[PDB]
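Contents: one structure, followed by commentary.
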Amino acid sequence: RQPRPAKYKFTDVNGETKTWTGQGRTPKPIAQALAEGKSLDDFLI
(Lines give C-alpha, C1' and ligand atoms only; values in the text may rest on other atoms or scores of the structure.)
Protein backbone atom coordinates (compact mmCIF):
# COMPACT_ATOMS: atom_id res chain seq x y z
CA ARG A 1 0.00 0.00 0.00
CA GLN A 2 2.41 2.67 1.24
CA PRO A 3 6.00 1.39 0.84
CA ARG A 4 9.08 3.62 0.87
CA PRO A 5 8.17 5.52 -2.33
CA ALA A 6 11.08 6.88 -4.36
CA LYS A 7 11.32 8.67 -7.72
CA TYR A 8 10.17 6.87 -10.85
CA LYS A 9 8.63 7.57 -14.24
CA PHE A 10 5.09 6.51 -15.08
CA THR A 11 1.74 7.84 -16.30
CA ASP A 12 -1.12 8.27 -13.78
CA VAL A 13 -4.56 6.90 -14.65
CA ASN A 14 -5.49 10.39 -15.82
CA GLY A 15 -2.59 10.66 -18.25
CA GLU A 16 -0.16 12.43 -15.91
CA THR A 17 3.53 11.57 -15.64
CA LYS A 18 5.27 11.47 -12.24
CA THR A 19 6.82 9.17 -9.64
CA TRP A 20 4.79 6.13 -8.94
CA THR A 21 5.33 2.78 -7.25
CA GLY A 22 2.09 2.04 -5.43
CA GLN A 23 -0.02 5.17 -4.97
CA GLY A 24 -3.65 4.27 -5.57
CA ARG A 25 -4.91 4.97 -9.06
CA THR A 26 -3.78 2.09 -11.24
CA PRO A 27 -3.46 3.59 -14.74
CA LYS A 28 -4.67 1.25 -17.49
CA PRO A 29 -1.10 0.46 -18.73
CA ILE A 30 0.48 0.12 -15.28
CA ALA A 31 -2.64 -1.71 -14.11
CA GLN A 32 -1.76 -4.64 -16.36
CA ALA A 33 1.85 -4.69 -15.16
CA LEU A 34 0.89 -4.26 -11.51
CA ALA A 35 -2.11 -6.59 -11.81
CA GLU A 36 0.37 -9.32 -12.73
CA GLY A 37 1.96 -8.94 -9.30
CA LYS A 38 5.05 -6.99 -10.36
CA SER A 39 6.05 -3.60 -8.96
CA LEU A 40 6.89 -0.39 -10.82
CA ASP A 41 10.53 -1.42 -10.56
CA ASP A 42 9.97 -3.01 -13.98
CA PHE A 43 9.11 0.36 -15.54
CA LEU A 44 11.32 2.39 -13.19
CA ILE A 45 12.66 5.37 -15.14
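Ordered as shown in the C-alpha coordinates, chains take letters A, B, and onward, while each chain numbers its residues from 1 and ligands are numbered from 1 in the order shown.
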
TODO: Determine, counting only C-alpha atoms, which protein, DNA and RNA residues have an atom within 12 Å of an atom of residue 10 in chain A; residues of the same chain fewer than 3 positions away are not included. Present the result as an MDAnalysis selection string.
DONE: chainID A and resid 7 13:23 25:31 33 39:45

Selected residues, N, CA and C atoms, written as a CSV table (one decimal), in the first residue's frame, please.
```csv
chain,number,residue,atom,x,y,z
A,7,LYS,N,11.6,8.0,-6.5
A,7,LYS,CA,11.3,8.7,-7.7
A,7,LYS,C,11.3,7.7,-8.9
A,13,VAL,N,-3.4,7.4,-14.0
A,13,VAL,CA,-4.6,6.9,-14.6
A,13,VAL,C,-5.3,8.0,-15.4
A,14,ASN,N,-4.9,9.2,-15.2
A,14,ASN,CA,-5.5,10.4,-15.8
A,14,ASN,C,-4.6,10.9,-17.0
A,15,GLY,N,-3.5,10.3,-17.2
A,15,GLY,CA,-2.6,10.7,-18.3
A,15,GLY,C,-1.4,11.5,-17.8
A,16,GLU,N,-1.3,11.6,-16.5
A,16,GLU,CA,-0.2,12.4,-15.9
A,16,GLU,C,1.2,11.7,-16.2
A,17,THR,N,2.2,12.2,-15.5
A,17,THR,CA,3.5,11.6,-15.6
A,17,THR,C,4.5,12.0,-14.5
A,18,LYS,N,4.4,11.2,-13.4
A,18,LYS,CA,5.3,11.5,-12.2
A,18,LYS,C,5.8,10.2,-11.6
A,19,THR,N,6.3,10.3,-10.4
A,19,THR,CA,6.8,9.2,-9.6
A,19,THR,C,5.7,8.3,-9.1
A,20,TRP,N,5.8,7.0,-9.4
A,20,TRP,CA,4.8,6.1,-8.9
A,20,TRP,C,5.3,4.7,-8.7
A,21,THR,N,4.9,4.1,-7.6
A,21,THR,CA,5.3,2.8,-7.2
A,21,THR,C,4.1,2.0,-6.8
A,22,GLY,N,3.3,2.6,-5.9
A,22,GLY,CA,2.1,2.0,-5.4
A,22,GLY,C,1.3,3.1,-4.7
A,23,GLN,N,0.8,4.1,-5.5
A,23,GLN,CA,0.0,5.2,-5.0
A,23,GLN,C,-1.5,4.7,-4.7
A,25,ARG,N,-4.4,5.1,-7.7
A,25,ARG,CA,-4.9,5.0,-9.1
A,25,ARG,C,-4.0,4.1,-9.9
A,26,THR,N,-4.6,3.0,-10.4
A,26,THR,CA,-3.8,2.1,-11.2
A,26,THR,C,-4.0,2.3,-12.7
A,27,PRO,N,-3.3,3.3,-13.3
A,27,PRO,CA,-3.5,3.6,-14.7
A,27,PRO,C,-3.6,2.3,-15.6
A,28,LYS,N,-4.4,2.4,-16.6
A,28,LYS,CA,-4.7,1.3,-17.5
A,28,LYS,C,-3.4,0.5,-17.8
A,29,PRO,N,-2.4,1.1,-18.4
A,29,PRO,CA,-1.1,0.5,-18.7
A,29,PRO,C,-0.4,-0.2,-17.5
A,30,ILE,N,-0.2,0.6,-16.5
A,30,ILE,CA,0.5,0.1,-15.3
A,30,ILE,C,-0.4,-0.9,-14.6
A,31,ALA,N,-1.7,-0.8,-14.7
A,31,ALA,CA,-2.6,-1.7,-14.1
A,31,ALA,C,-2.3,-3.1,-14.5
A,33,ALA,N,0.6,-4.3,-15.7
A,33,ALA,CA,1.9,-4.7,-15.2
A,33,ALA,C,1.8,-5.0,-13.7
A,39,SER,N,6.0,-5.0,-9.4
A,39,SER,CA,6.1,-3.6,-9.0
A,39,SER,C,6.5,-2.7,-10.1
A,40,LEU,N,6.5,-1.4,-9.8
A,40,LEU,CA,6.9,-0.4,-10.8
A,40,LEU,C,8.4,-0.5,-11.2
A,41,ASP,N,9.1,-1.2,-10.3
A,41,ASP,CA,10.5,-1.4,-10.6
A,41,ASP,C,10.8,-1.9,-12.0
A,42,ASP,N,9.8,-2.5,-12.6
A,42,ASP,CA,10.0,-3.0,-14.0
A,42,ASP,C,10.0,-1.8,-15.0
A,43,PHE,N,9.2,-0.8,-14.7
A,43,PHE,CA,9.1,0.4,-15.5
A,43,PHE,C,9.8,1.6,-14.9
A,44,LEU,N,10.6,1.3,-13.9
A,44,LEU,CA,11.3,2.4,-13.2
A,44,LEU,C,12.2,3.2,-14.1
A,45,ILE,N,11.9,4.5,-14.3
A,45,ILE,CA,12.7,5.4,-15.1
A,45,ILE,C,12.8,4.8,-16.5
```

Task: Residues flagged helix (DSSP H, G or I) by DSSP in chain A, as a ChimeraX atom specification - done: /A:28-35,40-42
